[PDB]
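These notes concern the structure reproduced below.
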Amino acid sequence: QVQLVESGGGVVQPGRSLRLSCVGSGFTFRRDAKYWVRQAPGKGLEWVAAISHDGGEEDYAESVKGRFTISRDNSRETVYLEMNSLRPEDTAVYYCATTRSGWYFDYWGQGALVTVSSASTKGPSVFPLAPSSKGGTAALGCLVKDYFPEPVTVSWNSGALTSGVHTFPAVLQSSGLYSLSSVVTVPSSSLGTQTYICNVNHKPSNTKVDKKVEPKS
Amino acid sequence: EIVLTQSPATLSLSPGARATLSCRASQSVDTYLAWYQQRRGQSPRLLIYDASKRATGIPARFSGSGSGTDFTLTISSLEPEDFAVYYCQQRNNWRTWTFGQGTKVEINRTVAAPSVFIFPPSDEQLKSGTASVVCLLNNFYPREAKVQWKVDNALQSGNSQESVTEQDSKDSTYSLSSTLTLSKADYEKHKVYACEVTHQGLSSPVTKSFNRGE
């Protein structure tokens, strides 16, 4: 089967460089052009770079020309993207792709995530979203604030509570740190007797927090 | 030189129903048009190329048509995985590949008003000099919703951020969190914190509030 496998993603500081790699298998790598297409968080697809079958021709998007270099090594069935002078707006998932005729992106890799930021790794503070305790439905949650980089995971009661949970996408603050909330709806009659604990894990910082959330005095 | 426009940007349709998506090119691209599907959390895949040809292995429910500037993608019966984002694509002048901005196909359902909850900052957070006030809009449909923050009746603009979940796998609703950020010093200068929500399911806006300290 046609397969493309990317590697080399990560967190990089603005102005620095990163090289992405994409290895093909299951087809004749040298026959056709190769491409990189990226998707910034929450945005659409943007073609970045193209290289002809034998590397004799390279094309780039205007946003990326001069700073990025596409290259290939057909003897290793690999195509590369060398990303220099990285800018915050280069943060995206980068997909490698291959073509049959040059018109279209017939096959796609799995993506490599590139995050461009001057923020330092930092685990979150976890604050309670305490239930009001005032249909008999209450809401409670955890505010997972000021962490970098993504991702964080949140469970409730160590996985024993899944119904009614909503863990929201993180927002990026102007500080460069992320914040997100995780909430759950539960019966208000349970608030005095049932313990609710959010389990937060931020693996990049080796930060794990279990926060019990209860009605405030 | 060539712009692809996908409109409408969101289609709300029922499971098992027919869908037709539109791509319009600003000038003719003849039949050199492709469509991609991006399923939730997955890479894009090619569905249709040369306007009407199905890529190898693609299910027979996908079809396409058009020539010149007006193109369509048809899904004869929407399967669960087809609630996805679809992009059209063209290539001009041999060296420029461009995409439309995408159309999201979402699950249509009956209108549901949000249940609304407001959360004060915790005392623990206030120790560090910042206050986060959170408003939750739970399990609503359709997606369009407006949150307005007020602090002692002063409308807040510019100092909040919102996030929305993907459509729920069981009830096809959305939920939304809005966080108002203030300094501790400012938080302690005011009494009434309110989140006002406007939604098609509400006959009039709903406000949830608290009085600091009470």
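Starting from 1 in every chain, residues are counted up; chains themselves are A, B, ... following the order of the structure tokens, and ligands are numbered from 1 as listed.
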**Q.** Residues of chain A within 9 Å of chain B, counting only C-alpha atoms, as a count of residues only
**A.** 46
Which of chain A end up as strand (DSSP E) when DSSP is run on this backbone - answer as a compact mmCIF listing (two decimals) with C-alpha atoms, in the first residue's frame?
```txt
# COMPACT_ATOMS: atom_id res chain seq x y z
CA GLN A 3 2.48 5.01 2.63
CA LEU A 4 4.10 8.32 3.60
CA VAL A 5 5.52 8.69 7.13
CA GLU A 6 6.67 12.09 8.41
CA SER A 7 9.15 12.79 11.19
CA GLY A 10 8.46 19.62 17.53
CA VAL A 11 8.60 22.90 19.42
CA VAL A 12 11.14 25.41 18.08
CA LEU A 18 13.72 22.51 11.88
CA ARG A 19 13.99 19.80 9.23
CA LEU A 20 11.03 17.57 8.46
CA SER A 21 11.45 14.19 6.80
CA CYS A 22 8.93 12.03 4.94
CA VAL A 23 9.68 8.42 3.97
CA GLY A 24 7.65 6.70 1.26
CA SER A 25 6.95 3.01 0.82
CA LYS A 34 6.51 15.46 -3.83
CA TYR A 35 4.86 18.22 -1.82
CA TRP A 36 4.34 19.75 1.62
CA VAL A 37 0.95 21.13 2.62
CA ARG A 38 0.29 22.66 6.03
CA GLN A 39 -2.66 23.44 8.25
CA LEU A 45 -5.05 23.80 4.01
CA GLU A 46 -2.12 25.77 2.53
CA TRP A 47 0.28 24.33 -0.02
CA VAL A 48 3.88 25.16 0.97
CA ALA A 49 6.37 23.54 -1.42
CA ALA A 50 6.78 21.21 -4.37
CA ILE A 51 9.73 19.34 -5.87
CA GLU A 58 11.37 23.48 -6.76
CA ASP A 59 8.34 25.71 -6.16
CA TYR A 60 7.28 27.52 -3.02
CA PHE A 68 12.11 27.07 3.40
CA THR A 69 13.93 24.58 1.21
CA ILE A 70 12.40 21.37 -0.16
CA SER A 71 14.76 18.59 -1.21
CA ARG A 72 14.69 14.87 -1.82
CA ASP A 73 16.89 11.78 -1.67
CA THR A 78 12.73 10.49 1.39
CA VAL A 79 11.62 14.08 0.88
CA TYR A 80 12.61 16.84 3.28
CA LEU A 81 11.42 20.31 4.27
CA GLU A 82 14.15 22.53 5.80
CA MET A 83 12.40 25.34 7.64
CA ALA A 92 0.97 24.13 11.79
CA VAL A 93 0.62 20.46 11.03
CA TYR A 94 2.83 19.79 7.97
CA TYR A 95 1.69 17.03 5.61
CA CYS A 96 3.84 15.46 2.93
CA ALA A 97 2.09 14.32 -0.23
CA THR A 98 2.73 12.58 -3.54
CA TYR A 107 -1.70 10.46 -1.21
CA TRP A 108 -0.95 12.14 2.10
CA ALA A 112 4.09 16.47 11.63
CA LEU A 113 3.22 19.14 14.20
CA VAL A 114 5.50 22.18 14.29
CA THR A 115 5.01 24.77 17.07
CA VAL A 116 6.99 28.00 16.87
CA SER A 125 -2.02 25.46 37.61
CA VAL A 126 -5.31 23.69 38.23
CA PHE A 127 -8.17 25.67 39.74
CA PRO A 128 -11.66 24.50 40.66
CA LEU A 129 -14.80 25.55 38.79
CA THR A 137 -28.46 19.69 37.11
CA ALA A 138 -25.22 21.12 38.42
CA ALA A 139 -22.03 21.87 36.56
CA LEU A 140 -18.48 21.73 37.93
CA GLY A 141 -15.07 21.69 36.39
CA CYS A 142 -11.35 22.37 36.42
CA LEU A 143 -9.54 25.34 34.89
CA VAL A 144 -6.16 24.16 33.61
CA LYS A 145 -4.26 27.39 33.27
CA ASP A 146 -0.92 28.66 31.95
CA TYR A 147 0.87 25.64 30.48
CA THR A 153 -5.19 15.39 29.17
CA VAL A 154 -8.06 15.54 31.63
CA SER A 155 -10.10 12.70 33.05
CA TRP A 156 -12.66 12.62 35.86
CA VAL A 165 -17.82 15.58 30.44
CA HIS A 166 -16.73 18.35 28.06
CA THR A 167 -13.01 19.09 27.82
CA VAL A 171 -6.89 28.75 23.94
CA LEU A 172 -3.55 30.44 23.45
CA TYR A 178 -2.31 27.80 26.94
CA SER A 179 -5.42 27.51 29.08
CA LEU A 180 -8.35 25.14 28.95
CA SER A 181 -11.38 24.13 30.95
CA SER A 182 -12.88 20.70 31.55
CA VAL A 183 -16.47 20.59 32.88
CA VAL A 184 -18.98 17.93 33.79
CA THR A 185 -22.71 18.11 34.44
CA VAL A 186 -23.99 15.98 37.35
CA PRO A 187 -27.14 15.74 39.44
CA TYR A 196 -15.55 14.61 41.88
CA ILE A 197 -11.85 14.77 41.01
CA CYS A 198 -10.31 16.00 37.80
CA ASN A 199 -7.10 14.23 36.81
CA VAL A 200 -4.80 16.52 34.82
CA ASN A 201 -1.66 15.27 33.05
CA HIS A 202 0.82 17.54 31.23
CA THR A 207 3.07 17.46 35.80
CA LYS A 208 0.16 15.39 37.16
CA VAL A 209 -2.51 16.95 39.39
CA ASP A 210 -5.64 15.44 40.95
CA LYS A 211 -8.01 18.21 42.06
CA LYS A 212 -11.10 17.48 44.12
CA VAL A 213 -13.86 19.95 43.18
```
Q. Can you list, as a ChimeraX atom specification, every protein, DNA or RNA residue that comes within 9 Å of residue 53 in chain A when you count only C-alpha atoms, leaving out same-chain residues fewer than 6 positions away?
A. /A:29-34,72,74
Write to file, as a short mmCIF file (atom, residue, chain, number, x, y, z; two decimals), in the first residue's frame, the residues of the selection just made, with N, CA and C atoms.
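Dumped everything to out-v2.cif:
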```cif
data_model
loop_
_atom_site.label_atom_id
_atom_site.label_comp_id
_atom_site.auth_asym_id
_atom_site.auth_seq_id
_atom_site.Cartn_x
_atom_site.Cartn_y
_atom_site.Cartn_z
N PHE A 29 9.16 5.80 -5.50
CA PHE A 29 9.27 7.14 -4.93
C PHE A 29 9.79 8.14 -5.97
N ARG A 30 10.69 7.71 -6.85
CA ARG A 30 11.38 8.62 -7.75
C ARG A 30 10.53 9.04 -8.95
N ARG A 31 9.36 8.41 -9.14
CA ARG A 31 8.59 8.62 -10.37
C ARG A 31 7.94 10.00 -10.40
N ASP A 32 7.54 10.53 -9.26
CA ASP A 32 6.66 11.69 -9.22
C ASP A 32 7.14 12.78 -8.28
N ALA A 33 6.57 13.96 -8.50
CA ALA A 33 6.80 15.08 -7.60
C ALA A 33 6.36 14.75 -6.17
N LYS A 34 6.89 15.53 -5.24
CA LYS A 34 6.51 15.46 -3.83
C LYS A 34 6.22 16.87 -3.34
N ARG A 72 15.02 16.29 -1.88
CA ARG A 72 14.69 14.87 -1.82
C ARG A 72 15.93 14.02 -2.03
N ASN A 74 16.05 10.32 -3.46
CA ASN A 74 15.28 9.19 -3.98
C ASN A 74 15.90 7.87 -3.58
#
```
Q.
One decimal, in Å: what's the spacing between CA of residue 69 in chain B and CA of residue 10 in chain B?
A. 20.5 Å
Q | Distance of CA of residue 190 in chain B from CA of residue 127 in chain B, expressed in Å to one decimal place | A | 17.3 Å
Q. Could you name the residues that touch residue 70 in chain B at 8 Å or less, counting only C-alpha atoms, but leaving out those on the same chain fewer than 4 positions away, as number ranges by chain?
A. B: 22-25, 66
Q. Counting only C-alpha atoms, what is within 7 Å of residue 9 in chain B, bar same-chain residues fewer than 3 positions away, as an MDAnalysis selection string?
A. chainID B and resid 6 102:104
(Q) According to DSSP computed on the backbone, where in range 39-163 of chain A is there helix (DSSP H, G or I)? Give the residues as a VMD selection string. (A) chain A and resid 74 to 76 88 to 90 157 to 159
(Q) Could you list, as number ranges by chain, every residue within 12 Å of residue 214 in chain B, counting only C-alpha atoms and ignoring same-chain residues fewer than 3 positions away? (A) A: 132, 216-217; B: 120, 191-193, 209-211
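Here CA of residue 75 in chain A stands at a distance of 19.4 Å from CA of residue 100 in chain A.
Within the 12 Å cut-off around residue 193 in chain A, using only C-alpha atoms and omitting residues fewer than 5 positions from it on the same chain, the listed residues are residues 187, 188, 214 and 215 of chain A.
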Store the residues picked out above in a file with N, CA and C atoms, as a PDB file, in the first residue's frame.
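So selection36.pdb came out as:
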```pdb
ATOM      1  N   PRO A 187     -25.952  15.397  38.653  1.00  0.00           N
ATOM      2  CA  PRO A 187     -27.140  15.743  39.440  1.00  0.00           C
ATOM      3  C   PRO A 187     -26.761  16.576  40.662  1.00  0.00           C
ATOM      4  N   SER A 188     -27.510  17.639  40.880  1.00  0.00           N
ATOM      5  CA  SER A 188     -27.202  18.501  42.012  1.00  0.00           C
ATOM      6  C   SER A 188     -27.400  17.778  43.336  1.00  0.00           C
ATOM      7  N   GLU A 214     -15.385  20.725  44.869  1.00  0.00           N
ATOM      8  CA  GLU A 214     -16.596  20.603  45.668  1.00  0.00           C
ATOM      9  C   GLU A 214     -17.263  21.961  45.828  1.00  0.00           C
ATOM     10  N   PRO A 215     -18.503  21.997  46.296  1.00  0.00           N
ATOM     11  CA  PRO A 215     -19.144  23.297  46.567  1.00  0.00           C
ATOM     12  C   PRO A 215     -18.300  24.129  47.514  1.00  0.00           C
TER      13      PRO A 215
END
```
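Closest approach to residue 1 in chain B among B:169, B:93, B:18, B:79: B:93, based on only C-alpha atoms.
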